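Encoded as structure tokens, the following chain is the form deposited in one PDB entry, with no partner shown.
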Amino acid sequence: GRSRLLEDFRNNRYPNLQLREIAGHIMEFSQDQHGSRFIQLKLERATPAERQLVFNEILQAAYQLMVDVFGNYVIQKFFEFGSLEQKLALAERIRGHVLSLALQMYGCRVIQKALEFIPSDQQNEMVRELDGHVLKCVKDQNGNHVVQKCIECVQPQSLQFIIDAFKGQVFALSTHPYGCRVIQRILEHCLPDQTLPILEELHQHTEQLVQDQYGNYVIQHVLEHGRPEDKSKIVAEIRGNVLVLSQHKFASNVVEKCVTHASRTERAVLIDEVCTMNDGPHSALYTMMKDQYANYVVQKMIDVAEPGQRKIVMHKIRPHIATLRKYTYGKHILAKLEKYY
């Protein structure tokens, strides 16, 4: 199958092998496991002139190498360290294949690499081909990364269609394993008038989103990085739901995050809520102190409360210390209290 030259190379019959010596075998070498690594390493220390000799052969069947397990690496090397003309010639080779490459395990890596190192006008050409196929890519294990790289590297103006695709889909994709990460890149990069519709749908579903295994991360992203107004809407939804949401595997992390990033006044109001709520027989606090998730929340409130409110809370916990030692998760409240005592 291979060439004597490639078989001989695989069987270490060439310790002094140079790129010059494999002219005419570049394609075949690029598709070989060792051949590819050989080319990748020699190219790192090749003069611009030597790199061009290689490029001449990789150009014609560029597509064939882009979708190849090993050949994709040789292509990306050229986006990383190539002349402008080489990078344009490769972007010209990608033209009309963006989507099919994006949805492919190796091809997608070439695309991501290209977005990072081609000129803005060329990025804009490349991304146009994703228009109509956003959801397909976002849901895709490989494609979703191409989309994230678009958001990171491309002028936000060129991506209105991403936003437009997400309209009515925010909830669906904030609860999707790959869509949630895409939402998190949008909140980070896309313009205010572009996040605006995204934030609107998030606020409409926050109670539900905090209880999702992925959604909860979206809501916490806003609590950590968003505008004060956004943070406020979120804490307000959480507030009045602290007791139940504190006992929920997923949303319990969101109540902690609200406790950390809420205004001093908001934080105090949330801590006050659990202090004054009475879940039947005993306090909502008591319920939380023996719960598997909420014990964390209570400890969090202890660490972030202003000293005066922390004291009140501690003193309110005191009456139940003897009981708390019997329940599995109680030890953890007591550990925390002991730090402060």
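Residue indices: 1-based, along the sequence shown.
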Mean C-alpha B-factor comparison - 168 to 176 and 143 to 151, higher one: 168 to 176
Which is higher on mean Cα B factor in this entry, 234 to 242 or 83 to 91? 234 to 242
Between 116, 256, 212, 200, where does the Cα B-factor run highest in the record? 200
In terms of CA temperature factor as recorded, identify the highest of 291, 272, 57, 68. 272
Could you tell me which third, lowest, middle or highest, the C-alpha B-factor of residue 298 occupies within its chain? lowest
Please place residue 96 in the lowest, middle or highest third of its chain by C-alpha B factor as given in the entry. lowest
By the entry's values, the third containing the CA B factor of residue 227 is the highest
Among the chain's modelled residues, which third holds the C-alpha B-factor of residue 76? lowest
Residue 163 CA temperature factor, ranked by third within the chain: middle
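The same protein has a further form, the form deposited in another entry, not shown here; the description that follows concerns it.
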When the C-alphas stop fitting one rigid part best and start fitting the other, that is the hinge; which of 246, 107, 206, 78 is there, between the shown form and the other one? 78
